[PDB]
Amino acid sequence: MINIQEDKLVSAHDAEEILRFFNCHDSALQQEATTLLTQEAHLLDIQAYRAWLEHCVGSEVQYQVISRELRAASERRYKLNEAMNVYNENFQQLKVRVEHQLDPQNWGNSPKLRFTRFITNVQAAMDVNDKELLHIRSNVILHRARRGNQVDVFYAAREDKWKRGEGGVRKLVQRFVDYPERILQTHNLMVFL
């Protein structure tokens, strides 16, 4: 539907994603994706990071969260790096982050943090070429509470690719988030969106 020449504020990337979900809808797949993501969020919320890696994250994963530099809507000449990687992790790198979370000398983890995630707006569509690959889009509100009166709330859209792996379990092979707040007001982005 979308014509980005007319819909002036829409990026080509965003228009491509609209197209993938508006066509060919499979209700059962949407339900499967909802289950997958709800279970993922549950594992993360209880800080079962090893279980998350083992049950939800594929060996070939790319887990990426970018922060895009604010540029003019009419900008057409400045062509330098548009973004930076808050996260751009392979499986090993996620594992390092998980070990860091679990280390008994991670002083910031005592007293124990409290996480609550809200996953909504789930959409799912099979990839046209890799019949093994399932595109899942979802939005997350992530609430982190610690040390009595520190409260940080994150908001984001997630563009995921999930593929069945060993044992035929669907696992995350790509997560992409373009984080919507340019200057973070949550002390850090040390949460798994």
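What we label the rigid core is the largest C-alpha set whose atoms superpose within 1.5 Å from one form to the other. Each residue number is its position in the shown sequence, starting from 1.
In terms of root mean square C-alpha deviation after superposing on the rigid core in 8 other deposited structures of this protein, the stretch standing farther out between 51-59 and 162-170 is 162-170.
Put simply, when the other structures in 8 other deposited structures of this protein are lined up on the rigid core, the C-alpha atoms of 24-32 lie farther off than those of the other stretch, from 24-32 and 61-69. On average the C-alpha atoms of 66-74 have higher B-factors than those of the other stretch, with 143-151 and 66-74 being the two compared.
Between 183-191 and 1-9, it is 1-9 that carries the larger average Cα temperature factor according to the deposited entry.
When the C-alpha B-factors of 38, 47, 129, 138 are read from the PDB record, the largest value belongs to 129.
Set against one another, the Cα B-factors of 157, 51, 28, 57 in the record reach their highest point at 28. Residue 177: CA B factor lies in the lowest third for its chain, per the PDB record. Ranked against the other modelled residues of its chain, the C-alpha B-factor of residue 124 as given in the entry falls in the middle third. Residue 163: CA B factor in the highest third of modelled residues in this chain (values from the PDB entry).
In the deposited entry, the Cα temperature factor of residue 43 sits in the bottom third of values across the chain's modelled residues. Sort the modelled residues of the chain by CA B factor and residue 80 lands in the highest third.
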